């Protein structure tokens, strides 16, 4: 499955951990409050985070403070509220990692109270 696919949430809904770890792009699942439900191997290759240990943490408060901004967290909460989350933009990640330019795609999941954040290098 390709980053930015129109029905990416359908494909990923069918995947287990190993399959999510096989994706070409970083994939995080958050609940509506921003707590991390899932975090794949490709994401940890970009950020230096251990996917096994960031589970349960809050993405915006603790893990990724640079994303606590109208440009990222603001768009997340707008989409959670509207129920339409599906948005793409560029960003730079730089907390406890080398500053890294990325493309981000956020999209609501099919499962309850879950939201995908997809990331690739640019």
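Positions refer to the first chain, counted from 1.
Mean CA B-factor, 13-21 versus 94-102: the higher value falls on 13-21.
Out of 74, 56, 83, 34, it is 83 whose C-alpha atom has the highest B-factor in the PDB entry. Residue 117 sits in the lowest third of its chain by CA B factor, as recorded in the PDB entry. Residue-level temperature factors show residue 87 in the highest third of its chain, judged at the C-alpha atom.
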